[PDB]
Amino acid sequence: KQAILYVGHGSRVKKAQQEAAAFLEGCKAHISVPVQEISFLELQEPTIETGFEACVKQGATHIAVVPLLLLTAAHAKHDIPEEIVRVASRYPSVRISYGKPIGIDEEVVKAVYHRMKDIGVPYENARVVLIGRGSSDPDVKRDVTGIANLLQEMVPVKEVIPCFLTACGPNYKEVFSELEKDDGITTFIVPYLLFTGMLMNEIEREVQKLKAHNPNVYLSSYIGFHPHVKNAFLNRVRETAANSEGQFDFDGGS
């Protein structure tokens, strides 16, 4: 009767496809919902159309669409809802709820914490550089800053400086240029990203480049599908499925 339609962003790099698919499959066993399908916005199938239609043939009357996204931007606001409306127009009897990206959640702050500790370097009063992809949509910068504020307050770090790969400032290269110094403060670099690929690889080169000036800089792995990221995402899934007040009812918002 009830369905979950998971939507990942999709990748063309084989490794990212496998990581995202494996994560969503391991999500299925935590949700007591009889119909559950995975799908991806782009570059990777099953498509949103395919997964939605799969939900319908297994008899779903209600579909809770939950996006696997760290942050809220054009993908969350437009692309996914547009695909949802396109496929859902063909099934007006199917009720739809639409969840939020993980966004500002204490669990993701815990994921950043475990990535920092994994480096094995003392963390007290240390600087953290939180690199998000970035977007021209201000909600992205706002949410990464909110995540930075929660981490800053919860762990006795010096500060957490959000910066971005593209589209909005400060660019991580500006911070890096300001980090050529070497002041004895240990620098953790945490990529606030779900997948590896070229941008993760360029940051890797940049962390070596930065380390050439200031040896007290250490790049952690990107957060990825950390268990605490998984906890936060399952919260998103459960709240979309519960829909206890109808607040996630999907008004066709392309």
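Start at 1 with the first residue shown and count on from there.
Comparing 69-77 with 143-151, the stretch with the higher mean C-alpha B-factor in the PDB entry is 143-151. Looking at mean Cα B-factors across 225-233 and 189-197, the upper value is held by 189-197.
For the set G103, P170, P138, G99, the PDB entry puts the maximum C-alpha B factor at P170. Among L165, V87, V109, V94, the highest C-alpha B-factor in the deposited entry belongs to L165.
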